[PDB]
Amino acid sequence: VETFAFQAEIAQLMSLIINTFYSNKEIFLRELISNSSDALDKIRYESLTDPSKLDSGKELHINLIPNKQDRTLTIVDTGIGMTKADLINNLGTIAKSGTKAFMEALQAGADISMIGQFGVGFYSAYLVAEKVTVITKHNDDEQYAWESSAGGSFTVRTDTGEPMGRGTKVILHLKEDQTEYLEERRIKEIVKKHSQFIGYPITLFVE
């Protein structure tokens, strides 16, 4: 298990997301489903010029899995997935500018629900999760497990769990007072309200 420090700007973004009083927390689901949709769009596009990229799975969809026992809400997709480079250096590099613009916008009248227009909606996961675990698999890399409870650092490890084929699982370890996001009625409401037009099947699991 390797431990890394988030770049200062990202750690700052996460702290703001965690400390700012902001009641409209449900927007986290929209951001994650949107990220899944972009990832699915990408593998689909790429497969048009190279069909073999779908040998790791032809089905393009999204699953929302709540589990009260583990108090987790997992967003699963069979999208493009992320490499080790994405997880450790590239995604953070890109996120640095998005964060800067977002934090300046926030000081102008913008609010946290607009975080997605700055390309860093992933971090809105910390509005409801005390810890986020990301299991991802990209076609020409191995399956990895990224993890962070914020605090300025994250870990990355080669995942020996059950193989996924290709895609990403964002496991949200929910805060004690945010278990409403494990309720079927609540999730259905949010999906219908913010992601009703996603171009991929979204299956909400029942417990």
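Start at 1 with the first residue shown and count on from there.
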### Task
Averaging only over Cα atoms, indicate whether 97-105 or 129-137 has the higher B-factor in the PDB entry.
97-105
### Query
For the stretches 176-184 and 26-34, which has the higher mean C-alpha B-factor as given in the deposited record?
176-184
### Criterion, highest CA B-factor; candidates, 161, 152, 167, 66
161
### Task
Going by the recorded CA B-factors, say which third of the chain residue 171 sits in, lowest, middle or highest.
lowest
### Task
Using the B-factors in the PDB entry, rank residue 142's C-alpha atom against the chain and give the third, lowest, middle or highest.
middle
### Task
Among all modelled residues of this chain, ranked by Cα B factor, put residue 48 in the bottom, middle or top third, i.e. lowest, middle or highest.
highest
### Summary
Sorting the chain's modelled residues by C-alpha B-factor and splitting them into thirds places residue 54 in the highest
### Task
Quick one: classify residue 120 as lowest, middle or highest third of the chain based on its Cα B-factor.
middle
